[PDB]
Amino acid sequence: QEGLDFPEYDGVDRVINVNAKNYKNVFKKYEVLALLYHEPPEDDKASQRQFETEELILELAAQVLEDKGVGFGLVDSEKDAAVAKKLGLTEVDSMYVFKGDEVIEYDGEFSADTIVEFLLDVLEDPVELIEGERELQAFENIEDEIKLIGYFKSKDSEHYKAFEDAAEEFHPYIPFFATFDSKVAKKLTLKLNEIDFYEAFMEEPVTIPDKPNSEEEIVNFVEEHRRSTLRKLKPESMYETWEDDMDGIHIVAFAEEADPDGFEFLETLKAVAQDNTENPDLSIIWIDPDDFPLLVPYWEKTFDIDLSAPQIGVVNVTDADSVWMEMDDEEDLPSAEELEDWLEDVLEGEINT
């Protein structure tokens, strides 16, 4: 047991209501402060089981992260509407994390381990250096998220400081990389002060134009390319992604990456997303069921599919109505051309929910 003991809540009240009186003092009490902006719970007792148990989730995270200077608080959308408005808490059930001069919206799975992992990521520095062949291979292994890398001459470079300033705008959701090593820059085809932007799952980057780049030019570029043609659903941002629907629907692909059949389907999906990456109307959410075991039976029931096999369909975010590509079984996968044809009919509305 010694060397491996999960923490058990100790009953100490660490998460309290944050109101117009105490909010100035709460902030001075923590290096990083995360505020859950919530609606007052319903008068019925069944909604209290959901509210108390989720405050206890924040209490566990508060306990785990105490010695790292993190604190958690609750902000009532009615009782505290005034202070909420001044702090910038506008989305009910989001958790706003305050680090330095940035406000980070958490809109992901409400679970202690996922919240703690997210705060640990927030506490890290917003730029990761790349030096040498091994660290470069590490950068190149990243595919399931947007990434940026820039080539500068040193930490003191004025353009590096603008890169770091832009990095803080998207922390911790978009990893920003910098290299001062010319051999790395050579392999990446980076001229000095050039910044390459890699859309998730794309092998070919786009250089931000008009080098060198100020913070404003980077922030503007990223905001314009924020939605990848193929996105992976991730627990830490699952509701942010799900709320970003394409005119009422999502195209959802289920594939277990480690399974031979899921891998085979996933390769086809990546290849089709790469070949159609310039289509502005095309977005696909890849869900690996192994990332969301507690939702697998729900999904199988709601969608009437077998998640032991790869699937792709259209999901309506209003009522969870759905239509799925017909496959005989896990061996009956579509070719890249059959997948494109199905995606084309979906986008033309010929395959509707």
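Counting begins at 1, following the sequence as shown.
Between 32 to 40 and 46 to 54, it is 46 to 54 that carries the larger average Cα temperature factor according to the deposited entry. Remark: stretch with higher mean C-alpha B factor among 256 to 264 and 213 to 221 is 213 to 221.
Comparing the listed residues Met95, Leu233, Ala166, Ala81, the entry records the largest Cα B-factor for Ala81. The PDB entry assigns the greatest CA B-factor among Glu133, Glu199, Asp121, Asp107 to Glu133. For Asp319, the recorded CA temperature factor ranks within the highest third of the chain's modelled residues. In the PDB entry, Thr207 places in the middle third of its chain by CA B-factor.
Annotation for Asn276: C-alpha temperature factor in the middle third relative to the rest of the modelled chain, per the entry.
Among all modelled residues in its chain, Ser77 ranks in the highest third by Cα B-factor. The PDB entry assigns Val26 a C-alpha temperature factor belonging to the highest third of its chain's modelled residues.
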